[PDB]
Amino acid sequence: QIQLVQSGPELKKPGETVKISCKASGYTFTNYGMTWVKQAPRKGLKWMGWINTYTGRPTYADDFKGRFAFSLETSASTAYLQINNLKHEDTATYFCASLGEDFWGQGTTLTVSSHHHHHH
């Protein structure tokens, strides 16, 4: 019935930019928000914020204000997360969720690596 599908893993060098997608299917996209969650190694789950898919208005946690951007392509039922000027500490798996409905994407693992960024 319902599926959130995220873009594949990313391996990056410090200072680069990444943009992750989350495509929603099987419900009316604009009826429900999209939340972004950061899952660390050694820092559990962090709520990054959410975006109103009907109005486009984003709400960010303070810790994610600056380098992080939530956006939409509503005709494609797609929400995007862009992370600028990557830091080692951005290494994580990022999830999209429609949290009220408990729909979850599969996660996108982001690895920021000074010396292994070339393996993919």
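Just count from 1 along the sequence shown to find any residue number.
- Taking the mean C-alpha B-factor of each stretch as recorded, 31-39 and 71-79 are not equal, and the higher mean is that of 71-79.
- In the PDB entry, a CA B factor belonging to the lowest third of its chain's modelled residues is recorded for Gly49.
- Sort the modelled residues of the chain by CA B factor and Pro9 lands in the middle third.
- Ranked by Cα temperature factor within the chain, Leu110 sits in the middle third according to the deposited record.
- When the modelled residues of the chain are ordered by their C-alpha B factor, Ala24 lands in the middle third.
- Sort the chain's modelled residues by C-alpha temperature factor and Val18 lands in the middle third, per the entry.
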